[PDB]
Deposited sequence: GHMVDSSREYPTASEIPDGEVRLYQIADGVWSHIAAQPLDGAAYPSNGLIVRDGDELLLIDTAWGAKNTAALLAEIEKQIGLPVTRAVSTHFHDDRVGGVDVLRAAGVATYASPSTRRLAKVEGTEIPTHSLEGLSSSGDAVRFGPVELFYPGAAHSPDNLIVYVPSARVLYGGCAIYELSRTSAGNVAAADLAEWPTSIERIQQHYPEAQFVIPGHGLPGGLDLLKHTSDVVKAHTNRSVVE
């Protein structure tokens, strides 16, 4: 029955609880779309959540605050309406504010699984074998591999080849994610990388230790071995 928390004065990543009545709380979080208030209702010996705190950060803090102050498990949650509170790496860069660049293929692929995010189009990379200059690097589309849209980045000044998830480290002996991968085209796409960058001295995989051009041959062998 005291001072209700003003959302703007709650630090980033923190959430306040306000008990309205027995087994009824309101949770308040910073509101950087302005919904700062939500509800916590006791459900027997469990808790029902109404409109969780905005964002992944605040929701995690909400659950932690609930456990600390109430000590009852949150088993169910209701969204009263739709609000896109998703934040990723590109969103943090956008607010930095760094301009993010992506191929049309990548952007169109983002649409099917969630975007609306402003990005700039990287033209001239729609066909396998295409290569364009972007600032201090060269962008290369080898074709489908780990994903239908994966690009390769080469740094000519240092002869450094970054293959992303399309390239494995030496210690990786079996194919990983593969869900969005074209296992058939993957070795062919690697061949295009090998032919277009024979001068590469430093090859960086998506995960793990860097190596030489042997990473390309290694990745192709692992993917091929993922057959029948």
Practice problem: Where the model has no C-alpha, note the corresponding stretch of the deposited sequence, numbering from 1. | Solution: 1-6, 39-42, 239-243
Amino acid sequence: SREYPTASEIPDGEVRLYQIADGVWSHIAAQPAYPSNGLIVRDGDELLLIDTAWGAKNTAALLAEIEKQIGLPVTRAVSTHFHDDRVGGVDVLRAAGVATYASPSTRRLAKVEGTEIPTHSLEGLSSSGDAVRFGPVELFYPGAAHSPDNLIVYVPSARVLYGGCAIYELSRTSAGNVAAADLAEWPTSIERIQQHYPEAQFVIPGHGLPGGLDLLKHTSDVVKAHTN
From here on, numbers count along this sequence of modelled residues.
Quiz item: In the PDB record, does 131-139 or 68-76 carry the higher mean Cα temperature factor?
Solution: 68-76
Self-check item: Of 154-162 and 91-99, the stretch whose C-alpha atoms average the higher B-factor in the entry
Solution: 91-99
Quiz item: If you rank the chain by CA B-factor, which third does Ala21 end up in: lowest, middle or highest?
Solution: highest
Self-check item: Within-chain third of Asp182 by Cα B-factor, per the entry
Solution: highest
Quiz item: In terms of the CA temperature factor given in the entry, to which third of its chain does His146 belong: lowest, middle or highest?
Solution: middle
Quiz item: For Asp51, does the deposited CA B-factor place it in the lowest, middle or highest third of the chain?
Solution: lowest
Exercise. Grab the CA temperature factor for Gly38 from the record and place it in the lowest, middle or highest third of its chain.
Key: lowest
